[PDB]
Amino acid sequence: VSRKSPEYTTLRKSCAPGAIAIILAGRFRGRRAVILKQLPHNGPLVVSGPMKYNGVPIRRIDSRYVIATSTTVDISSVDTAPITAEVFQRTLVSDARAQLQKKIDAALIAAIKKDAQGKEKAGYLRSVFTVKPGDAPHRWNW
Amino acid sequence: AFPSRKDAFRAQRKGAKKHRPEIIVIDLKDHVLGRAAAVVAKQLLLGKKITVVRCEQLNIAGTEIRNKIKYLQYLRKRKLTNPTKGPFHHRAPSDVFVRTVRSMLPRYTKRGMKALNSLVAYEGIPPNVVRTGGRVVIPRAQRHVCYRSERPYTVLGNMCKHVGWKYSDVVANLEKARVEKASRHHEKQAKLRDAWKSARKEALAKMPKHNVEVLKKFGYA
Amino acid sequence: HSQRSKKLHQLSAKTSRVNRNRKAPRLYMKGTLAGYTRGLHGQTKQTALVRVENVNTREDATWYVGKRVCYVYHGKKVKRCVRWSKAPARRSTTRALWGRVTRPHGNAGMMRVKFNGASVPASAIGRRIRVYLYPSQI
Amino acid sequence: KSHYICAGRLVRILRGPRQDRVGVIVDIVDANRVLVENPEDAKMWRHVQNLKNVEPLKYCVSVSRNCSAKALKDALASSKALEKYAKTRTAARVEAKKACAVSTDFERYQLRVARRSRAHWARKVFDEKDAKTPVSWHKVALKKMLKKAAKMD
RNA sequence: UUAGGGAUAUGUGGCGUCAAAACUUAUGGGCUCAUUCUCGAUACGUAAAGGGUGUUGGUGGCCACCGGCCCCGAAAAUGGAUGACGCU
RNA sequence: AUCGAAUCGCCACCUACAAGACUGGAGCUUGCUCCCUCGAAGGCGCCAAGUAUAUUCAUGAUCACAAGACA
Ligand SMILES: [Mg+2]
Ligand SMILES: [Mg+2]
Ligand code: NA
């Protein structure tokens, strides 16, 4: 409750863990990922592809550069990802992060498969979002 | 304008493809002159590239005699001391349309000059335009929604040939040959069109069923 | 020269294929700079007017209040950019000016935009503007 | 042919808050205005509509002017014009439009894959039939060149 | 009715293009067709009597009179002005 | 050869033509009825050449001209 406490957040309810989000900026613009959690002290979200489907690794992202759709996946993974995982000292991946990626991605894929509509959800995660001529994004539901 | 040898050399050195800018082709048949001009001038200022065809089929409200008298009043304006400087009166329908558009732009400013130079006009449909894609119309400037049917109206080519345009018969013959060619080709392509129609009609049995259900739900059956 | 055999093989293979467009996606909307805010007396250049494709209503234009906006052009020389050292591939004559949407204009979907610290140049009138989808409320 | 404006005629609303709803004409005021009501719809109580805002349909329930609600409800039910209107393709198109307006990113993806599946199967079938009867440009050219290649080469 | 600058909202005047605003609003009603200065269209500011079955309505008894728009009546000196284009 | 540049849908199914007091085809009750193409969609394209447990993506580290490119 206390604003100084790290548990304090103000994230909008749409960006809840297990929601499928569209990336709007950065190297992975247009891909679809799954929101895992929000870092403490009202920090960024962390998302993963999983990397098998669309090639998006575990990554931090501001909630203002994401569209959180209404499609959800039930997640019950170990979610042992603190702030220290993304802090570095003052094709190459460390042998700890490389292991964390697998440990999370296997559980996430098991969750998607266990979900109903699993095949459709997998294809949905593989597809790419773009703005076509004649499109009106301001009129849509998400 | 014939391209220069330096441009040809540069294009060969780059080795690119054939480039075409984004252009809109408007079929002006049975359009109201002033309303079409007003829409086109605003689009030119917003930065489009526009080509208009069939300018001899524009319409003006009123009788042909009344419109012809207006044109003759225009023609009598003339710099008395030296007519080689006075107003220049163009008689072709495409030049009439271009003048009407020019009067709705800030012509003296460079911005206005760029906008005016981004427009091309033709009588009939020339062969370098025929195959470039589907033509467009302007719904808010069409005669069947703009005029009350009981009133008389003018056709611009008919008005122009009595004040001095001398290519009406040439344009008529060219348009006749054009329409014959296009009709023969359209009839020749009917077997292909029907084959594609049948293929779409029959693939609904070979696709999966749960996709067909989505098609029906969104009304694409 | 007696090489119709090559053009004979190409026709026989010919199947039904389509172009299919699998390229880098675009994540912005196309607009145009109409001009500045003005009256009959003259213009005030601190606010620009932007018209966006498929946005033809005031309720439509309200959706974009707060979104970020960009004008892309090029200079004559290569100058400093973001990640000039980290990513040398970005170095070019290409440059951009950034701004934000502030409020709608009229009833037909035009919007007012304000640029960062300075006016947009008048050479951009009639040219392309990028309107992005962020920051996002959805 | 055209559907005349008359008492008992079915219409569809074009613009406004009642857009794309069907009512029945119960009275004509003058050349511009009619009174419209549909008992089996929530928002279609008896009200006034300008004749520029309506679309006359092909059905007419036979009733007299300024009829009672009781006499119009049963006349509708007996005519079964609503069950007939629900089977046309323009009614289905209206329902499809509403369904498309209210749709999520997942449903748009589903529709995209359904259309892609249809197109793939259509082009397959077309290729198979063009093998028998050559109608493509490349097959026409191939058959035109085969006779020439049979000689010499 | 006025110190040097931002934001918001207004006055007079406007919202087809020139030129910001109904990207030519309405799911409002009537009326009007005008052929060499010419239908008309922002006050202050630069045409009369009399006629007209042209069209739209009103009073009293198919008639007599009174209205609304439009048309005759309406003839000058460089080529030219509802501000221009145009608009039915 | 200078040259890095702004632009970000493709098609040998649109790229033929006419009408809007009227328009798929019949009747005779000429404004209703009946038939069936049902009279309000150019075709594709948007990440497995196609709807199916196939498959490399990271360190380009949280926005920045798309570090890509003419399907
Ligand atoms: Mg304007
Ligand atoms: Mg770049
Ligand atoms: Na004026």
# chains A, B, ... in the order shown; residues from 1 in each chain; ligands from 1

call {"tool": "interface_residues", "arguments": {"of": "chain C", "to": "chain A", "cutoff": "10 Å", "atoms": "only C-alpha atoms", "output": "ChimeraX atom specification"}}
result
/C:22,24-30,53-55,59-64,132-138

call {"tool": "write_last_selection", "arguments": {"atoms": "C-alpha atoms", "output": "PDB file, in the first residue's frame"}}
result
ATOM      1  CA  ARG C  22       6.509 -10.790 -45.755  1.00  0.00           C
ATOM      2  CA  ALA C  24       9.400  -5.473 -41.980  1.00  0.00           C
ATOM      3  CA  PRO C  25       6.021  -4.215 -40.713  1.00  0.00           C
ATOM      4  CA  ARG C  26       5.115  -0.559 -40.409  1.00  0.00           C
ATOM      5  CA  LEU C  27       3.777   0.433 -36.994  1.00  0.00           C
ATOM      6  CA  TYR C  28       2.615   3.996 -37.724  1.00  0.00           C
ATOM      7  CA  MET C  29      -0.145   5.829 -39.603  1.00  0.00           C
ATOM      8  CA  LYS C  30       0.406   8.125 -42.578  1.00  0.00           C
ATOM      9  CA  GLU C  53      -5.649   8.889 -43.419  1.00  0.00           C
ATOM     10  CA  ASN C  54      -8.935   7.219 -42.413  1.00  0.00           C
ATOM     11  CA  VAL C  55      -9.457   9.657 -39.514  1.00  0.00           C
ATOM     12  CA  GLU C  59     -14.370  11.357 -32.091  1.00  0.00           C
ATOM     13  CA  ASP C  60     -11.773   9.550 -34.211  1.00  0.00           C
ATOM     14  CA  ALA C  61      -9.226  12.309 -33.667  1.00  0.00           C
ATOM     15  CA  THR C  62      -9.715  12.240 -29.894  1.00  0.00           C
ATOM     16  CA  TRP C  63      -8.198   8.735 -29.855  1.00  0.00           C
ATOM     17  CA  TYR C  64      -4.825  10.148 -30.918  1.00  0.00           C
ATOM     18  CA  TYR C 132       2.757   6.319 -33.950  1.00  0.00           C
ATOM     19  CA  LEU C 133       0.600   4.137 -31.706  1.00  0.00           C
ATOM     20  CA  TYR C 134       2.451   4.975 -28.485  1.00  0.00           C
ATOM     21  CA  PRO C 135       2.261   5.969 -25.670  1.00  0.00           C
ATOM     22  CA  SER C 136      -0.653   3.559 -25.419  1.00  0.00           C
ATOM     23  CA  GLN C 137      -3.776   3.495 -23.262  1.00  0.00           C
ATOM     24  CA  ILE C 138      -5.036   0.100 -24.459  1.00  0.00           C
TER      25      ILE C 138
END

call {"tool": "select_by_dssp", "arguments": {"residues": "chain D", "states": "helix (DSSP H, G or I)", "output": "PyMOL selection string"}}
result
chain D and resi 51-53+69-79+81-85+89-101+105-132+137-150

call {"tool": "interface_residues", "arguments": {"of": "chain C", "to": "chain E", "cutoff": "10 Å", "atoms": "only C-alpha atoms (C1' of nucleotides)", "output": "list in words"}}
result
residues 35, 36, 37, 38, 39, 40, 42, 43, 51, 55, 56, 57, 105, 106, 107, 108, 109 and 110 of chain C

call {"tool": "write_last_selection", "arguments": {"atoms": "N, CA, C and O atoms", "output": "mmCIF file, in the first residue's frame"}}
result
data_model
loop_
_atom_site.group_PDB
_atom_site.id
_atom_site.type_symbol
_atom_site.label_atom_id
_atom_site.label_comp_id
_atom_site.auth_asym_id
_atom_site.auth_seq_id
_atom_site.Cartn_x
_atom_site.Cartn_y
_atom_site.Cartn_z
ATOM 1 N N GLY C 35 -0.645 22.646 -42.716
ATOM 2 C CA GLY C 35 -0.174 24.003 -42.526
ATOM 3 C C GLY C 35 -0.087 24.327 -41.047
ATOM 4 O O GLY C 35 0.062 23.440 -40.220
ATOM 5 N N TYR C 36 -0.168 25.615 -40.746
ATOM 6 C CA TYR C 36 -0.189 26.111 -39.379
ATOM 7 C C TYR C 36 -1.560 26.676 -39.044
ATOM 8 O O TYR C 36 -2.378 26.931 -39.925
ATOM 9 N N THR C 37 -1.806 26.870 -37.752
ATOM 10 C CA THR C 37 -3.018 27.552 -37.318
ATOM 11 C C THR C 37 -2.963 29.017 -37.723
ATOM 12 O O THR C 37 -1.930 29.671 -37.588
ATOM 13 N N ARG C 38 -4.082 29.534 -38.225
ATOM 14 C CA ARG C 38 -4.078 30.862 -38.819
ATOM 15 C C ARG C 38 -5.483 31.444 -38.840
ATOM 16 O O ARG C 38 -6.474 30.742 -38.653
ATOM 17 N N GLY C 39 -5.543 32.748 -39.076
ATOM 18 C CA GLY C 39 -6.767 33.421 -39.449
ATOM 19 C C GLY C 39 -6.519 34.287 -40.664
ATOM 20 O O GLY C 39 -5.473 34.161 -41.297
ATOM 21 N N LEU C 40 -7.455 35.171 -41.006
ATOM 22 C CA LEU C 40 -7.222 36.082 -42.122
ATOM 23 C C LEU C 40 -6.065 37.039 -41.841
ATOM 24 O O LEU C 40 -5.409 37.508 -42.773
ATOM 25 N N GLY C 42 -3.170 36.435 -40.321
ATOM 26 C CA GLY C 42 -1.849 35.847 -40.381
ATOM 27 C C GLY C 42 -1.819 34.531 -39.636
ATOM 28 O O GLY C 42 -2.822 34.073 -39.108
ATOM 29 N N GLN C 43 -0.630 33.941 -39.587
ATOM 30 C CA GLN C 43 -0.457 32.599 -39.053
ATOM 31 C C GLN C 43 0.414 32.607 -37.805
ATOM 32 O O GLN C 43 1.281 33.465 -37.636
ATOM 33 N N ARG C 51 -3.364 16.119 -41.030
ATOM 34 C CA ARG C 51 -4.484 15.319 -41.512
ATOM 35 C C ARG C 51 -4.026 13.882 -41.712
ATOM 36 O O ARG C 51 -3.053 13.635 -42.420
ATOM 37 N N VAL C 55 -9.014 8.992 -40.732
ATOM 38 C CA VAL C 55 -9.457 9.657 -39.514
ATOM 39 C C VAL C 55 -10.284 10.851 -39.963
ATOM 40 O O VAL C 55 -9.737 11.918 -40.254
ATOM 41 N N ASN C 56 -11.605 10.687 -40.024
ATOM 42 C CA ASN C 56 -12.466 11.696 -40.629
ATOM 43 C C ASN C 56 -13.517 12.240 -39.666
ATOM 44 O O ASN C 56 -14.527 12.786 -40.112
ATOM 45 N N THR C 57 -13.288 12.141 -38.361
ATOM 46 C CA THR C 57 -14.295 12.515 -37.382
ATOM 47 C C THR C 57 -13.606 13.004 -36.112
ATOM 48 O O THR C 57 -12.502 12.566 -35.784
ATOM 49 N N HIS C 105 -9.091 19.380 -34.153
ATOM 50 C CA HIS C 105 -9.319 20.643 -34.848
ATOM 51 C C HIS C 105 -10.508 20.473 -35.782
ATOM 52 O O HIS C 105 -10.482 19.602 -36.651
ATOM 53 N N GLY C 106 -11.541 21.303 -35.618
ATOM 54 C CA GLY C 106 -12.744 21.175 -36.436
ATOM 55 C C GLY C 106 -13.566 19.947 -36.075
ATOM 56 O O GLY C 106 -13.429 19.375 -35.003
ATOM 57 N N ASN C 107 -14.432 19.536 -37.004
ATOM 58 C CA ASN C 107 -15.227 18.323 -36.846
ATOM 59 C C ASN C 107 -14.813 17.187 -37.767
ATOM 60 O O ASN C 107 -15.428 16.122 -37.713
ATOM 61 N N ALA C 108 -13.809 17.371 -38.615
ATOM 62 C CA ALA C 108 -13.545 16.428 -39.693
ATOM 63 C C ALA C 108 -12.308 15.568 -39.473
ATOM 64 O O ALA C 108 -11.904 14.855 -40.391
ATOM 65 N N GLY C 109 -11.692 15.614 -38.297
ATOM 66 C CA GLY C 109 -10.611 14.710 -37.971
ATOM 67 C C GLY C 109 -9.205 15.267 -38.054
ATOM 68 O O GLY C 109 -8.259 14.516 -37.822
ATOM 69 N N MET C 110 -9.032 16.537 -38.391
ATOM 70 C CA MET C 110 -7.722 17.163 -38.320
ATOM 71 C C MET C 110 -7.280 17.273 -36.866
ATOM 72 O O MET C 110 -8.104 17.336 -35.955
#

call {"tool": "residues_near_ligand", "arguments": {"ligand": "ligand 2", "cutoff": "8 Å", "atoms": "only C-alpha atoms (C1' of nucleotides) and all ligand atoms", "output": "list in words"}}
result
residues 90, 92 and 94 of chain C; 65, 66 and 67 of chain F

call {"tool": "write_last_selection", "arguments": {"atoms": "N, CA and C atoms (P, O5', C5', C4', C3', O3' and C1' of nucleotides)", "output": "PDB file, in the first residue's frame"}}
result
ATOM      1  N   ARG C  90      23.342   2.956 -38.420  1.00  0.00           N
ATOM      2  CA  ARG C  90      22.323   3.993 -38.493  1.00  0.00           C
ATOM      3  C   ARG C  90      22.802   5.281 -39.151  1.00  0.00           C
ATOM      4  N   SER C  92      23.579   8.204 -41.428  1.00  0.00           N
ATOM      5  CA  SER C  92      23.089   8.582 -42.746  1.00  0.00           C
ATOM      6  C   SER C  92      22.817  10.079 -42.779  1.00  0.00           C
ATOM      7  N   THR C  94      19.756  10.956 -43.221  1.00  0.00           N
ATOM      8  CA  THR C  94      18.380  10.974 -42.738  1.00  0.00           C
ATOM      9  C   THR C  94      18.289  11.568 -41.337  1.00  0.00           C
TER      10      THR C  94
ATOM     11  P     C F  65      14.909   8.442 -34.664  1.00  0.00           P
ATOM     12  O5'   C F  65      13.937   8.626 -35.907  1.00  0.00           O
ATOM     13  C5'   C F  65      12.870   7.739 -36.184  1.00  0.00           C
ATOM     14  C4'   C F  65      12.847   7.338 -37.635  1.00  0.00           C
ATOM     15  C3'   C F  65      13.284   5.914 -37.916  1.00  0.00           C
ATOM     16  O3'   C F  65      12.200   5.009 -37.805  1.00  0.00           O
ATOM     17  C1'   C F  65      14.365   7.419 -39.418  1.00  0.00           C
ATOM     18  P     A F  66      11.975   4.102 -36.505  1.00  0.00           P
ATOM     19  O5'   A F  66      12.797   2.780 -36.812  1.00  0.00           O
ATOM     20  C5'   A F  66      12.142   1.597 -37.228  1.00  0.00           C
ATOM     21  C4'   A F  66      12.985   0.785 -38.172  1.00  0.00           C
ATOM     22  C3'   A F  66      13.973   1.577 -39.022  1.00  0.00           C
ATOM     23  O3'   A F  66      15.235   1.663 -38.369  1.00  0.00           O
ATOM     24  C1'   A F  66      12.596   0.237 -40.418  1.00  0.00           C
ATOM     25  P     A F  67      16.518   2.398 -38.998  1.00  0.00           P
ATOM     26  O5'   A F  67      17.581   1.228 -39.181  1.00  0.00           O
ATOM     27  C5'   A F  67      18.875   1.497 -39.708  1.00  0.00           C
ATOM     28  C4'   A F  67      19.808   0.308 -39.639  1.00  0.00           C
ATOM     29  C3'   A F  67      19.205  -1.070 -39.929  1.00  0.00           C
ATOM     30  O3'   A F  67      20.202  -1.852 -40.584  1.00  0.00           O
ATOM     31  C1'   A F  67      20.318  -1.139 -37.898  1.00  0.00           C
TER      32        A F  67
END

call {"tool": "interface_residues", "arguments": {"of": "chain D", "to": "chain E", "cutoff": "8 Å", "atoms": "only C-alpha atoms (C1' of nucleotides)", "output": "list in words"}}
result
residues 15, 16, 49, 50, 52 and 53 of chain D

call {"tool": "residues_near_ligand", "arguments": {"ligand": "ligand 3", "cutoff": "12 Å", "atoms": "only C-alpha atoms (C1' of nucleotides) and all ligand atoms", "output": "PyMOL selection string"}}
result
chain E and resi 13-14+18-19+41-42+82-85

call {"tool": "closest_atom_pairs", "arguments": {"of": "chain B", "to": "ligand 1", "cutoff": "12 Å", "atoms": "only C-alpha atoms and all ligand atoms", "output": "CSV"}}
result
residue,atom,partner,partner_atom_place_in_ligand_line,distance
B:38,CA,ligand 1,1 (Mg),11.8
B:39,CA,ligand 1,1 (Mg),11.8
B:41,CA,ligand 1,1 (Mg),11.8
B:42,CA,ligand 1,1 (Mg),8.7
B:43,CA,ligand 1,1 (Mg),11.6
B:45,CA,ligand 1,1 (Mg),10.9
B:46,CA,ligand 1,1 (Mg),11.1

call {"tool": "write_last_selection", "arguments": {"atoms": "N, CA, C and O atoms", "output": "PDB file, in the first residue's frame"}}
result
ATOM      1  N   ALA B  38     -13.116  22.162 -57.275  1.00  0.00           N
ATOM      2  CA  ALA B  38     -12.912  22.515 -55.878  1.00  0.00           C
ATOM      3  C   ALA B  38     -12.319  21.356 -55.088  1.00  0.00           C
ATOM      4  O   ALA B  38     -11.474  21.568 -54.215  1.00  0.00           O
ATOM      5  N   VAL B  39     -12.753  20.128 -55.364  1.00  0.00           N
ATOM      6  CA  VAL B  39     -12.176  18.979 -54.663  1.00  0.00           C
ATOM      7  C   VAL B  39     -10.731  18.734 -55.104  1.00  0.00           C
ATOM      8  O   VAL B  39      -9.836  18.485 -54.275  1.00  0.00           O
ATOM      9  N   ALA B  41      -8.469  20.799 -56.335  1.00  0.00           N
ATOM     10  CA  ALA B  41      -7.493  21.794 -55.896  1.00  0.00           C
ATOM     11  C   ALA B  41      -7.037  21.537 -54.464  1.00  0.00           C
ATOM     12  O   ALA B  41      -5.846  21.651 -54.151  1.00  0.00           O
ATOM     13  N   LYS B  42      -7.970  21.184 -53.579  1.00  0.00           N
ATOM     14  CA  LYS B  42      -7.601  20.887 -52.202  1.00  0.00           C
ATOM     15  C   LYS B  42      -6.710  19.655 -52.117  1.00  0.00           C
ATOM     16  O   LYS B  42      -5.744  19.635 -51.348  1.00  0.00           O
ATOM     17  N   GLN B  43      -7.009  18.614 -52.899  1.00  0.00           N
ATOM     18  CA  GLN B  43      -6.129  17.444 -52.864  1.00  0.00           C
ATOM     19  C   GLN B  43      -4.730  17.771 -53.393  1.00  0.00           C
ATOM     20  O   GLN B  43      -3.721  17.310 -52.840  1.00  0.00           O
ATOM     21  N   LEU B  45      -3.209  20.625 -53.137  1.00  0.00           N
ATOM     22  CA  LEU B  45      -2.499  21.314 -52.064  1.00  0.00           C
ATOM     23  C   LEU B  45      -2.100  20.366 -50.942  1.00  0.00           C
ATOM     24  O   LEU B  45      -1.115  20.619 -50.244  1.00  0.00           O
ATOM     25  N   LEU B  46      -2.855  19.293 -50.732  1.00  0.00           N
ATOM     26  CA  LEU B  46      -2.459  18.308 -49.735  1.00  0.00           C
ATOM     27  C   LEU B  46      -1.355  17.383 -50.221  1.00  0.00           C
ATOM     28  O   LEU B  46      -0.836  16.602 -49.426  1.00  0.00           O
TER      29      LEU B  46
END

call {"tool": "interface_residues", "arguments": {"of": "chain B", "to": "chain C", "cutoff": "12 Å", "atoms": "only C-alpha atoms", "output": "list in words"}}
result
residues 42, 43, 44, 45, 46, 47, 48, 49, 110, 111, 112, 114, 115 and 196 of chain B

call {"tool": "write_last_selection", "arguments": {"atoms": "C-alpha atoms", "output": "CSV table (one decimal), in the first residue's frame"}}
result
chain,number,residue,atom,x,y,z
B,42,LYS,CA,-7.6,20.9,-52.2
B,43,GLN,CA,-6.1,17.4,-52.9
B,44,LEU,CA,-3.3,19.0,-54.9
B,45,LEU,CA,-2.5,21.3,-52.1
B,46,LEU,CA,-2.5,18.3,-49.7
B,47,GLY,CA,0.2,16.8,-52.0
B,48,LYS,CA,-1.3,14.2,-54.3
B,49,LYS,CA,-0.5,13.5,-57.9
B,110,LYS,CA,5.8,28.6,-55.5
B,111,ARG,CA,3.7,26.3,-53.4
B,112,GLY,CA,0.8,27.0,-55.7
B,114,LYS,CA,4.1,23.1,-57.5
B,115,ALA,CA,0.5,22.1,-56.8
B,196,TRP,CA,-11.6,-18.5,-61.1

call {"tool": "residues_around", "arguments": {"residues": "residue 31 in chain B", "least_positions_apart": "6", "cutoff": "7 Å", "atoms": "only C-alpha atoms (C1' of nucleotides)", "output": "ChimeraX atom specification"}}
result
/B:58-59,141-143

call {"tool": "decode", "arguments": {"residues": "range 9-33 of chain D", "atoms": "N, CA and C atoms", "output": "CSV table (one decimal), in the first residue's frame"}}
result
chain,number,residue,atom,x,y,z
D,9,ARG,N,-46.2,-1.4,-45.0
D,9,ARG,CA,-45.0,-1.7,-45.6
D,9,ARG,C,-43.8,-1.8,-44.6
D,10,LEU,N,-42.9,-2.7,-44.8
D,10,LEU,CA,-41.7,-2.9,-44.0
D,10,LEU,C,-40.6,-2.0,-44.5
D,11,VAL,N,-39.9,-1.3,-43.6
D,11,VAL,CA,-38.8,-0.4,-43.9
D,11,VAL,C,-37.6,-0.7,-43.0
D,12,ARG,N,-36.4,-0.2,-43.4
D,12,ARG,CA,-35.2,-0.3,-42.7
D,12,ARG,C,-34.6,1.1,-42.5
D,13,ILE,N,-34.2,1.4,-41.3
D,13,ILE,CA,-33.7,2.8,-41.0
D,13,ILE,C,-32.3,2.9,-41.4
D,14,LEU,N,-31.9,4.0,-42.0
D,14,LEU,CA,-30.6,4.2,-42.7
D,14,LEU,C,-29.6,4.8,-41.8
D,15,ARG,N,-29.9,6.0,-41.2
D,15,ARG,CA,-28.9,6.7,-40.4
D,15,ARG,C,-29.6,7.1,-39.0
D,16,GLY,N,-28.7,7.5,-38.1
D,16,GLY,CA,-29.2,7.9,-36.8
D,16,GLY,C,-29.0,6.8,-35.8
D,17,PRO,N,-29.6,7.1,-34.5
D,17,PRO,CA,-29.4,6.1,-33.5
D,17,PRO,C,-30.2,4.8,-33.7
D,18,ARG,N,-31.1,4.7,-34.6
D,18,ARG,CA,-31.9,3.5,-34.9
D,18,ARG,C,-31.4,2.8,-36.2
D,19,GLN,N,-30.2,3.1,-36.6
D,19,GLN,CA,-29.6,2.6,-37.8
D,19,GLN,C,-29.7,1.1,-37.9
D,20,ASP,N,-30.2,0.6,-39.1
D,20,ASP,CA,-30.2,-0.8,-39.4
D,20,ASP,C,-31.2,-1.6,-38.5
D,21,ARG,N,-32.4,-1.0,-38.3
D,21,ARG,CA,-33.5,-1.6,-37.6
D,21,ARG,C,-34.7,-1.6,-38.5
D,22,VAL,N,-35.6,-2.6,-38.4
D,22,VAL,CA,-36.7,-2.8,-39.3
D,22,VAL,C,-38.0,-2.4,-38.6
D,23,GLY,N,-38.8,-1.6,-39.2
D,23,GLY,CA,-40.1,-1.2,-38.7
D,23,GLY,C,-41.2,-1.4,-39.7
D,24,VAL,N,-42.4,-1.1,-39.3
D,24,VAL,CA,-43.6,-1.2,-40.2
D,24,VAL,C,-44.3,0.1,-40.2
D,25,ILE,N,-44.7,0.6,-41.4
D,25,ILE,CA,-45.4,1.9,-41.6
D,25,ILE,C,-46.8,1.8,-41.2
D,26,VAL,N,-47.2,2.6,-40.2
D,26,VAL,CA,-48.6,2.5,-39.7
D,26,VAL,C,-49.4,3.7,-40.1
D,27,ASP,N,-48.8,4.8,-40.6
D,27,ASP,CA,-49.5,6.0,-41.0
D,27,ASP,C,-48.6,6.9,-41.8
D,28,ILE,N,-49.2,7.6,-42.7
D,28,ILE,CA,-48.5,8.6,-43.5
D,28,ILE,C,-49.0,10.0,-43.1
D,29,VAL,N,-48.0,10.9,-42.8
D,29,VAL,CA,-48.4,12.2,-42.4
D,29,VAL,C,-48.5,13.1,-43.7
D,30,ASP,N,-47.4,13.2,-44.4
D,30,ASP,CA,-47.4,14.0,-45.6
D,30,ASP,C,-46.3,13.4,-46.5
D,31,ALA,N,-45.9,14.2,-47.5
D,31,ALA,CA,-44.9,13.7,-48.4
D,31,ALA,C,-43.5,13.4,-47.8
D,32,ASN,N,-43.3,13.9,-46.6
D,32,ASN,CA,-42.0,13.8,-45.9
D,32,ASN,C,-42.0,12.9,-44.7
D,33,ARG,N,-43.1,12.6,-44.1
D,33,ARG,CA,-43.1,12.0,-42.7
D,33,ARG,C,-44.0,10.8,-42.6
